[PDB]
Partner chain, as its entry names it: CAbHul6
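Before any questions on how it binds or moves, here is one chain, the form solved without the partner chain, in structure tokens.
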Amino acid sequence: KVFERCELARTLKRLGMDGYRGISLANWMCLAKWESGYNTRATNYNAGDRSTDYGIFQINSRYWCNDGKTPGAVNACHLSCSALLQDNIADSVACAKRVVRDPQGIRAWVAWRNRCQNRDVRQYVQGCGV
């Protein structure tokens, strides 16, 4: 499923993402926007280390979900990577929360650092009623 902007903002808010571990909804929106274009079935294979990024937040298989084909990988979210490709984003949200409970927080995603960090991200939630 490819979410429309405000549709996703409310979906994320309903899932408890607004201010989760101090991360505003606008930050999660900027993350999803730049990671997958709000596309839940997005996948990206990383030929360099044999891992794959899954879902709307492009969560990596080396540490977060199990896809069975990533060498020496772990599954901190205790989910099959398939769970991160559903139209329903509850599992991708549960896992994204797990990611940020670690030291780096939202900084875990390099795309967040490149396109969201120290930027004006208000524009992502404007008019969405969140």
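Residue numbers count along the first chain shown, from 1.
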{"property": "Mean temperature factor over C-alpha atoms, higher-scoring stretch between 57-65 and 44-52", "result": "44-52"}
{"property": "Between the two ranges 114-122 and 16-24, the one averaging a larger CA B factor in the entry", "result": "114-122"}
{"property": "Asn39, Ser80, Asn88, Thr70, ranked by C-alpha B-factor: the highest one", "result": "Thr70"}
{"property": "Third of chain Cα B-factors occupied by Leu8", "result": "lowest"}
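The same protein also has a form deposited with the partner chain bound, omitted here; what follows describes it.
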{"query": "Sequence-ordered residues of 53-87 touching the partner chain in the bound PDB entry, heavy atom within 4.5 Å", "finding": "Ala76, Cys77, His78, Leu79"}
